[PDB]
Amino acid sequence: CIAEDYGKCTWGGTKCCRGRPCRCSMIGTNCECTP
């Protein structure tokens, strides 16, 4: 899973471990996982 900080993720693909919301750049491209 993505247990890294701000680790790149995908809406519907690899989600953040534990279940953390993934933020994006308001453009729906490089979404990083936020602790």
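The residue numbers of chain A are those assigned by Swiss-Prot, with the residues present covering 39-73 sequentially.
Placement of Cβ uses the backbone N, Cα and C atoms for every residue, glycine included.
As written in Swiss-Prot, here are the features:
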{"type": "DISULFID", "residues": "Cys39-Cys55", "note": "disulfide bond"}
{"type": "DISULFID", "residues": "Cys47-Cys60", "note": "disulfide bond"}
{"type": "DISULFID", "residues": "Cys54-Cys71", "note": "disulfide bond"}
{"type": "DISULFID", "residues": "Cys62-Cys69", "note": "disulfide bond"}
Given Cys47 (disulfide bond) and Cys54 (disulfide bond), what distance in Å do their CA atoms have, once rounded to a whole number? 7
Please report how many Å separate the Cα atom of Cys60 (disulfide bond) from that of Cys54 (disulfide bond), as a whole number. 7
Which of these disulfide-bonded residues is closest to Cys69 (disulfide bond) if you go by CA atoms: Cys39, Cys54, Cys55? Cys54
Test of understanding: give the count of other CB atoms lying within 10 angstroms of the CB of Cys71 (disulfide bond). 22
For the disulfide-bonded residues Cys47, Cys54, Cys55, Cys69, which one has the sparsest Cβ surroundings, going by other Cβ atoms within 10 Å? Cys55
Which listed residue (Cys39, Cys60, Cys62) has most other Cβ within 10 Å, given these are disulfide-bonded residues: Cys60
